[PDB]
């Protein structure tokens, strides 16, 4: 079967990352899903943005956790990438679910693991996913596997993906013990031994971030379940073999 194309922060190569515009473009291109990052505002709302600070992607400055939802919505998350995207905002998580609707589109949600701690984010994320009936279409990932352990304990039916860059040997044992749906390794880790071990144990593989054509071709040949990429258009054409 075809490898799934997961657009990293939407079609981030051509559209401002982590915006409804970028996620919508990924859907239009024919991607199988999207990868996104969730954080909490000061008043406890789930917003979609990668960095702990709004500095890089917006016309504002300061930590995401210091902004209230109303305040963070005044920022422009599109202008830093192009004049054509002026006025594009930092989405809430609800907006992403509302954009997709009932469509069969995978949403790989990453809970952050940096210096900024997010108390109660697991409970809030679980409630939001259940409210919009996205239980089956979501994979909750994180580099903080303790957070995923809490998610699995509080909502066993939700799928968790273990993100890692570390060059782990036989990581499928850990994955099975944590009841993880998938392993999300930095693409350098994708080698025959890892693929075979995961396939023999039913553990899915979602390598990231694959942007170069040569690496995309190797990931498809390796036979991974899905590829997280900033360039869905190029990967889709390779996966579809020009069709």
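Residue numbers count along the first chain shown, from 1.
Student: As stated in the PDB record, which stretch has the larger average Cα B-factor, 63-71 or 35-43?
Tutor: Higher of the two, by average CA B-factor, is 63-71.
Student: Regarding 112-120 and 136-144, which shows the higher C-alpha temperature factor on average in the entry?
Tutor: Taking the mean C-alpha B-factor of 112-120 and of 136-144, the larger value falls to 112-120.
Student: Taking the values straight from the PDB record, which of 99, 154, 160, 93 has the highest C-alpha temperature factor?
Tutor: If I rank 99, 154, 160, 93 by C-alpha B-factor, first place goes to 154.
Student: In terms of the CA temperature factor given in the entry, to which third of its chain does residue 77 belong: lowest, middle or highest?
Tutor: For residue 77, the deposited C-alpha B-factor lands in the middle third.
Student: Rank-wise, by C-alpha B-factor, drop residue 172 into the lowest, middle or highest third of its chain.
Tutor: Middle third - that is where residue 172 ends up once the chain's C-alpha B-factors are sorted.
Student: Would the CA B-factor of residue 16 place it in the lowest, middle or highest third of its chain?
Tutor: Answer is middle: the recorded C-alpha B-factor places it there.
Student: Determine, from the deposited record, the chain-internal third of the Cα B-factor for residue 185: lowest, middle or highest.
Tutor: As the PDB entry reports it, the C-alpha B-factor of residue 185 lands in the lowest third of its chain.
Student: Sorting the chain's modelled residues by C-alpha B-factor, tell me whether residue 85 ends up in the lowest, middle or highest third.
Tutor: Top third by C-alpha B-factor.
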